[PDB]
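**Q** Have a look at this one before I ask anything.
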Amino acid sequence: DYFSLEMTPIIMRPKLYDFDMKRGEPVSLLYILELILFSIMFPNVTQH
Amino acid sequence: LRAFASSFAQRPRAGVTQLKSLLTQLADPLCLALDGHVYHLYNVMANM
Amino acid sequence: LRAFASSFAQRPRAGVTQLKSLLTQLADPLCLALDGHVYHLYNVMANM
């Protein structure tokens with residue numbers, strides 16, 4: 001589904017889940033890693 | 001952690017700062033309530 | 001590991017970097033598939 005979304009012409013600003021990202025504790029940085037990796041995977045999606 | 005450094009031995013010299021992040025994380029969901037609700041409470045009570 | 005160094009005590013300050021090598025090692029058998037197969041997939045799908 002995602003890979004197909006890659007080239008499907010986007011006509012609706014996608015969103016991403018509301019999620020209890022924890023500040024402070026050195027786990028948040030893993031959450032930064034998550035979406036930076038995701039962006040490496042899918043430039044066409046993140047661009048929006 | 002600086003004035004008594006020679007009282008913890010690598011453990012819980014990480015735990016002592018481990019709980020500080022806990023205190024921090026817990027402060028927010030309260031400070032929000034305070035500074036977003038109690039503010040107007042006082043701004044009224046200070047006029048009766 | 002640098003911005004929070006005072007949160008791990010010799011363990012798992014070796015484990016935190018222990019899993020980084022795991023992530024690295026796992027990245028390859030996927031990036032190969034990606035950059036050797038999905039490439040032509042997109043190079044086609046971008047023309048229909």
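Residue names in the structure tokens use chain letters A, B, ... in the order shown, residue numbers from 1 in each chain, and ligand numbers from 1 in the order shown.
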Superimpose chain B on chain C so that the squared distances between all in-order C-alpha pairs are minimised, and send the result as a PDB file with N, CA, C and O atoms, in the first residue's frame.
**A**
ATOM      1  N   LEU B   1      24.270   9.295  22.542  1.00  0.00           N
ATOM      2  CA  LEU B   1      25.234   8.883  23.543  1.00  0.00           C
ATOM      3  C   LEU B   1      26.065  10.041  24.059  1.00  0.00           C
ATOM      4  O   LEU B   1      26.668   9.923  25.128  1.00  0.00           O
ATOM      5  N   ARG B   2      26.105  11.158  23.340  1.00  0.00           N
ATOM      6  CA  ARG B   2      26.839  12.319  23.820  1.00  0.00           C
ATOM      7  C   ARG B   2      25.980  13.325  24.568  1.00  0.00           C
ATOM      8  O   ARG B   2      26.437  13.881  25.569  1.00  0.00           O
ATOM      9  N   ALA B   3      24.756  13.581  24.119  1.00  0.00           N
ATOM     10  CA  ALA B   3      23.932  14.601  24.748  1.00  0.00           C
ATOM     11  C   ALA B   3      23.315  14.151  26.062  1.00  0.00           C
ATOM     12  O   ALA B   3      22.886  15.002  26.844  1.00  0.00           O
ATOM     13  N   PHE B   4      23.257  12.849  26.327  1.00  0.00           N
ATOM     14  CA  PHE B   4      22.677  12.348  27.561  1.00  0.00           C
ATOM     15  C   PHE B   4      23.625  11.494  28.379  1.00  0.00           C
ATOM     16  O   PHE B   4      23.161  10.787  29.278  1.00  0.00           O
ATOM     17  N   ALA B   5      24.928  11.549  28.109  1.00  0.00           N
ATOM     18  CA  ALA B   5      25.900  10.604  28.644  1.00  0.00           C
ATOM     19  C   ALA B   5      25.682  10.306  30.115  1.00  0.00           C
ATOM     20  O   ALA B   5      25.875   9.171  30.558  1.00  0.00           O
ATOM     21  N   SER B   6      25.257  11.307  30.879  1.00  0.00           N
ATOM     22  CA  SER B   6      25.015  11.118  32.305  1.00  0.00           C
ATOM     23  C   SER B   6      23.626  10.523  32.538  1.00  0.00           C
ATOM     24  O   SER B   6      22.837  10.993  33.354  1.00  0.00           O
ATOM     25  N   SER B   7      23.327   9.469  31.786  1.00  0.00           N
ATOM     26  CA  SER B   7      22.118   8.708  32.045  1.00  0.00           C
ATOM     27  C   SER B   7      22.313   7.209  31.937  1.00  0.00           C
ATOM     28  O   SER B   7      21.360   6.468  32.176  1.00  0.00           O
ATOM     29  N   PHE B   8      23.498   6.737  31.585  1.00  0.00           N
ATOM     30  CA  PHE B   8      23.808   5.320  31.539  1.00  0.00           C
ATOM     31  C   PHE B   8      25.110   5.097  32.286  1.00  0.00           C
ATOM     32  O   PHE B   8      26.026   5.917  32.190  1.00  0.00           O
ATOM     33  N   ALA B   9      25.211   3.991  33.016  1.00  0.00           N
ATOM     34  CA  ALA B   9      26.348   3.770  33.899  1.00  0.00           C
ATOM     35  C   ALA B   9      27.088   2.508  33.472  1.00  0.00           C
ATOM     36  O   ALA B   9      26.850   1.421  33.995  1.00  0.00           O
ATOM     37  N   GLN B  10      27.972   2.649  32.487  1.00  0.00           N
ATOM     38  CA  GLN B  10      28.910   1.630  32.021  1.00  0.00           C
ATOM     39  C   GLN B  10      28.148   0.436  31.471  1.00  0.00           C
ATOM     40  O   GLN B  10      28.744  -0.448  30.861  1.00  0.00           O
ATOM     41  N   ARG B  11      26.848   0.405  31.653  1.00  0.00           N
ATOM     42  CA  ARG B  11      25.899  -0.609  31.250  1.00  0.00           C
ATOM     43  C   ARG B  11      24.543   0.069  31.320  1.00  0.00           C
ATOM     44  O   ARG B  11      24.157   0.577  32.377  1.00  0.00           O
ATOM     45  N   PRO B  12      23.801   0.111  30.230  1.00  0.00           N
ATOM     46  CA  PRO B  12      24.265  -0.424  28.967  1.00  0.00           C
ATOM     47  C   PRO B  12      24.840   0.645  28.079  1.00  0.00           C
ATOM     48  O   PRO B  12      24.493   0.686  26.903  1.00  0.00           O
ATOM     49  N   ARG B  13      25.702   1.507  28.613  1.00  0.00           N
ATOM     50  CA  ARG B  13      26.426   2.402  27.725  1.00  0.00           C
ATOM     51  C   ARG B  13      27.178   1.622  26.666  1.00  0.00           C
ATOM     52  O   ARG B  13      27.525   2.181  25.624  1.00  0.00           O
ATOM     53  N   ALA B  14      27.439   0.344  26.913  1.00  0.00           N
ATOM     54  CA  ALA B  14      27.888  -0.551  25.862  1.00  0.00           C
ATOM     55  C   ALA B  14      26.728  -1.211  25.141  1.00  0.00           C
ATOM     56  O   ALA B  14      26.870  -1.593  23.979  1.00  0.00           O
ATOM     57  N   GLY B  15      25.578  -1.352  25.794  1.00  0.00           N
ATOM     58  CA  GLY B  15      24.438  -1.945  25.118  1.00  0.00           C
ATOM     59  C   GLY B  15      23.777  -0.990  24.144  1.00  0.00           C
ATOM     60  O   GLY B  15      23.288  -1.400  23.085  1.00  0.00           O
ATOM     61  N   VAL B  16      23.723   0.291  24.499  1.00  0.00           N
ATOM     62  CA  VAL B  16      23.104   1.269  23.616  1.00  0.00           C
ATOM     63  C   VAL B  16      23.822   1.287  22.275  1.00  0.00           C
ATOM     64  O   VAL B  16      23.192   1.293  21.213  1.00  0.00           O
ATOM     65  N   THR B  17      25.151   1.259  22.301  1.00  0.00           N
ATOM     66  CA  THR B  17      25.887   1.123  21.056  1.00  0.00           C
ATOM     67  C   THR B  17      25.916  -0.309  20.566  1.00  0.00           C
ATOM     68  O   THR B  17      26.230  -0.540  19.397  1.00  0.00           O
ATOM     69  N   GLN B  18      25.605  -1.269  21.429  1.00  0.00           N
ATOM     70  CA  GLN B  18      25.523  -2.649  20.984  1.00  0.00           C
ATOM     71  C   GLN B  18      24.394  -2.838  19.992  1.00  0.00           C
ATOM     72  O   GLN B  18      24.545  -3.574  19.014  1.00  0.00           O
ATOM     73  N   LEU B  19      23.263  -2.185  20.224  1.00  0.00           N
ATOM     74  CA  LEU B  19      22.140  -2.343  19.308  1.00  0.00           C
ATOM     75  C   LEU B  19      22.309  -1.534  18.037  1.00  0.00           C
ATOM     76  O   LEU B  19      21.655  -1.838  17.031  1.00  0.00           O
ATOM     77  N   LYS B  20      23.135  -0.493  18.065  1.00  0.00           N
ATOM     78  CA  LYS B  20      23.359   0.271  16.849  1.00  0.00           C
ATOM     79  C   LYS B  20      23.981  -0.601  15.775  1.00  0.00           C
ATOM     80  O   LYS B  20      23.590  -0.533  14.604  1.00  0.00           O
ATOM     81  N   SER B  21      24.953  -1.428  16.151  1.00  0.00           N
ATOM     82  CA  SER B  21      25.517  -2.354  15.181  1.00  0.00           C
ATOM     83  C   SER B  21      24.467  -3.322  14.670  1.00  0.00           C
ATOM     84  O   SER B  21      24.508  -3.719  13.503  1.00  0.00           O
ATOM     85  N   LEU B  22      23.512  -3.699  15.514  1.00  0.00           N
ATOM     86  CA  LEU B  22      22.433  -4.561  15.056  1.00  0.00           C
ATOM     87  C   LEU B  22      21.618  -3.877  13.975  1.00  0.00           C
ATOM     88  O   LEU B  22      21.336  -4.463  12.924  1.00  0.00           O
ATOM     89  N   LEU B  23      21.210  -2.638  14.231  1.00  0.00           N
ATOM     90  CA  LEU B  23      20.471  -1.882  13.227  1.00  0.00           C
ATOM     91  C   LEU B  23      21.251  -1.800  11.928  1.00  0.00           C
ATOM     92  O   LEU B  23      20.710  -2.034  10.840  1.00  0.00           O
ATOM     93  N   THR B  24      22.533  -1.461  12.026  1.00  0.00           N
ATOM     94  CA  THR B  24      23.370  -1.399  10.837  1.00  0.00           C
ATOM     95  C   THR B  24      23.326  -2.709  10.073  1.00  0.00           C
ATOM     96  O   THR B  24      22.934  -2.751   8.904  1.00  0.00           O
ATOM     97  N   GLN B  25      23.719  -3.793  10.728  1.00  0.00           N
ATOM     98  CA  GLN B  25      23.782  -5.106  10.110  1.00  0.00           C
ATOM     99  C   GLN B  25      22.465  -5.460   9.444  1.00  0.00           C
ATOM    100  O   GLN B  25      22.456  -6.049   8.362  1.00  0.00           O
ATOM    101  N   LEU B  26      21.348  -5.106  10.072  1.00  0.00           N
ATOM    102  CA  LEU B  26      20.060  -5.453   9.490  1.00  0.00           C
ATOM    103  C   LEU B  26      19.704  -4.573   8.306  1.00  0.00           C
ATOM    104  O   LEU B  26      18.899  -4.978   7.464  1.00  0.00           O
ATOM    105  N   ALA B  27      20.271  -3.371   8.229  1.00  0.00           N
ATOM    106  CA  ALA B  27      19.897  -2.471   7.143  1.00  0.00           C
ATOM    107  C   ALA B  27      20.274  -3.037   5.780  1.00  0.00           C
ATOM    108  O   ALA B  27      19.539  -2.856   4.805  1.00  0.00           O
ATOM    109  N   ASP B  28      21.401  -3.724   5.689  1.00  0.00           N
ATOM    110  CA  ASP B  28      21.940  -4.122   4.391  1.00  0.00           C
ATOM    111  C   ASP B  28      21.035  -5.087   3.631  1.00  0.00           C
ATOM    112  O   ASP B  28      20.660  -4.794   2.489  1.00  0.00           O
ATOM    113  N   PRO B  29      20.651  -6.235   4.198  1.00  0.00           N
ATOM    114  CA  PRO B  29      19.872  -7.196   3.408  1.00  0.00           C
ATOM    115  C   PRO B  29      18.524  -6.653   2.979  1.00  0.00           C
ATOM    116  O   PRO B  29      17.781  -7.325   2.262  1.00  0.00           O
ATOM    117  N   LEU B  30      18.189  -5.445   3.423  1.00  0.00           N
ATOM    118  CA  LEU B  30      17.009  -4.750   2.934  1.00  0.00           C
ATOM    119  C   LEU B  30      17.363  -3.700   1.895  1.00  0.00           C
ATOM    120  O   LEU B  30      16.697  -3.598   0.862  1.00  0.00           O
ATOM    121  N   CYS B  31      18.370  -2.879   2.180  1.00  0.00           N
ATOM    122  CA  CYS B  31      18.755  -1.846   1.236  1.00  0.00           C
ATOM    123  C   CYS B  31      19.166  -2.456  -0.088  1.00  0.00           C
ATOM    124  O   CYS B  31      18.922  -1.870  -1.144  1.00  0.00           O
ATOM    125  N   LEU B  32      19.770  -3.638  -0.055  1.00  0.00           N
ATOM    126  CA  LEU B  32      20.060  -4.357  -1.285  1.00  0.00           C
ATOM    127  C   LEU B  32      18.780  -4.577  -2.072  1.00  0.00           C
ATOM    128  O   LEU B  32      18.695  -4.198  -3.242  1.00  0.00           O
ATOM    129  N   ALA B  33      17.785  -5.194  -1.440  1.00  0.00           N
ATOM    130  CA  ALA B  33      16.532  -5.472  -2.126  1.00  0.00           C
ATOM    131  C   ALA B  33      15.941  -4.206  -2.697  1.00  0.00           C
ATOM    132  O   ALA B  33      15.557  -4.149  -3.866  1.00  0.00           O
ATOM    133  N   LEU B  34      15.888  -3.172  -1.875  1.00  0.00           N
ATOM    134  CA  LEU B  34      15.330  -1.898  -2.281  1.00  0.00           C
ATOM    135  C   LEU B  34      16.024  -1.399  -3.532  1.00  0.00           C
ATOM    136  O   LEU B  34      15.439  -1.390  -4.615  1.00  0.00           O
ATOM    137  N   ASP B  35      17.292  -1.066  -3.395  1.00  0.00           N
ATOM    138  CA  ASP B  35      18.049  -0.373  -4.415  1.00  0.00           C
ATOM    139  C   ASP B  35      18.453  -1.281  -5.556  1.00  0.00           C
ATOM    140  O   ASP B  35      19.180  -0.843  -6.447  1.00  0.00           O
ATOM    141  N   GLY B  36      18.026  -2.539  -5.553  1.00  0.00           N
ATOM    142  CA  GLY B  36      18.300  -3.391  -6.693  1.00  0.00           C
ATOM    143  C   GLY B  36      17.059  -3.884  -7.404  1.00  0.00           C
ATOM    144  O   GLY B  36      17.130  -4.299  -8.561  1.00  0.00           O
ATOM    145  N   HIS B  37      15.913  -3.842  -6.732  1.00  0.00           N
ATOM    146  CA  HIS B  37      14.662  -4.279  -7.328  1.00  0.00           C
ATOM    147  C   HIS B  37      13.660  -3.142  -7.439  1.00  0.00           C
ATOM    148  O   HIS B  37      13.136  -2.894  -8.526  1.00  0.00           O
ATOM    149  N   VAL B  38      13.380  -2.437  -6.345  1.00  0.00           N
ATOM    150  CA  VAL B  38      12.338  -1.421  -6.364  1.00  0.00           C
ATOM    151  C   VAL B  38      12.707  -0.300  -7.310  1.00  0.00           C
ATOM    152  O   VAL B  38      11.839   0.439  -7.789  1.00  0.00           O
ATOM    153  N   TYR B  39      13.995  -0.148  -7.591  1.00  0.00           N
ATOM    154  CA  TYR B  39      14.434   0.917  -8.474  1.00  0.00           C
ATOM    155  C   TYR B  39      13.738   0.816  -9.820  1.00  0.00           C
ATOM    156  O   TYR B  39      13.090   1.763 -10.273  1.00  0.00           O
ATOM    157  N   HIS B  40      13.825  -0.345 -10.457  1.00  0.00           N
ATOM    158  CA  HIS B  40      13.199  -0.492 -11.761  1.00  0.00           C
ATOM    159  C   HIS B  40      11.685  -0.460 -11.656  1.00  0.00           C
ATOM    160  O   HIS B  40      11.006   0.022 -12.570  1.00  0.00           O
ATOM    161  N   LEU B  41      11.137  -0.958 -10.553  1.00  0.00           N
ATOM    162  CA  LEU B  41       9.707  -0.839 -10.326  1.00  0.00           C
ATOM    163  C   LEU B  41       9.264   0.604 -10.472  1.00  0.00           C
ATOM    164  O   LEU B  41       8.329   0.912 -11.215  1.00  0.00           O
ATOM    165  N   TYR B  42       9.938   1.506  -9.769  1.00  0.00           N
ATOM    166  CA  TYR B  42       9.573   2.913  -9.869  1.00  0.00           C
ATOM    167  C   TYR B  42       9.858   3.454 -11.254  1.00  0.00           C
ATOM    168  O   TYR B  42       9.075   4.237 -11.796  1.00  0.00           O
ATOM    169  N   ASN B  43      10.979   3.051 -11.841  1.00  0.00           N
ATOM    170  CA  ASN B  43      11.325   3.565 -13.153  1.00  0.00           C
ATOM    171  C   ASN B  43      10.293   3.181 -14.194  1.00  0.00           C
ATOM    172  O   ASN B  43      10.237   3.805 -15.253  1.00  0.00           O
ATOM    173  N   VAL B  44       9.493   2.158 -13.924  1.00  0.00           N
ATOM    174  CA  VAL B  44       8.383   1.830 -14.808  1.00  0.00           C
ATOM    175  C   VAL B  44       7.157   2.616 -14.381  1.00  0.00           C
ATOM    176  O   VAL B  44       6.578   3.359 -15.177  1.00  0.00           O
ATOM    177  N   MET B  45       6.757   2.461 -13.122  1.00  0.00           N
ATOM    178  CA  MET B  45       5.522   3.057 -12.632  1.00  0.00           C
ATOM    179  C   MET B  45       5.471   4.552 -12.885  1.00  0.00           C
ATOM    180  O   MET B  45       4.387   5.133 -12.962  1.00  0.00           O
ATOM    181  N   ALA B  46       6.622   5.184 -13.019  1.00  0.00           N
ATOM    182  CA  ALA B  46       6.655   6.608 -13.285  1.00  0.00           C
ATOM    183  C   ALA B  46       6.393   6.941 -14.730  1.00  0.00           C
ATOM    184  O   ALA B  46       6.641   8.075 -15.139  1.00  0.00           O
ATOM    185  N   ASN B  47       5.905   5.999 -15.523  1.00  0.00           N
ATOM    186  CA  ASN B  47       5.616   6.273 -16.917  1.00  0.00           C
ATOM    187  C   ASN B  47       4.226   5.881 -17.342  1.00  0.00           C
ATOM    188  O   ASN B  47       3.791   6.317 -18.410  1.00  0.00           O
ATOM    189  N   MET B  48       3.511   5.086 -16.560  1.00  0.00           N
ATOM    190  CA  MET B  48       2.170   4.700 -16.940  1.00  0.00           C
ATOM    191  C   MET B  48       1.266   5.926 -17.015  1.00  0.00           C
ATOM    192  O   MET B  48       1.639   7.036 -16.637  1.00  0.00           O
TER     193      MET B  48
END
**Q** For chain A, list the residues within 10 Å of chain B, counting only C-alpha atoms, and write the list as a count of residues only.
**A** 5
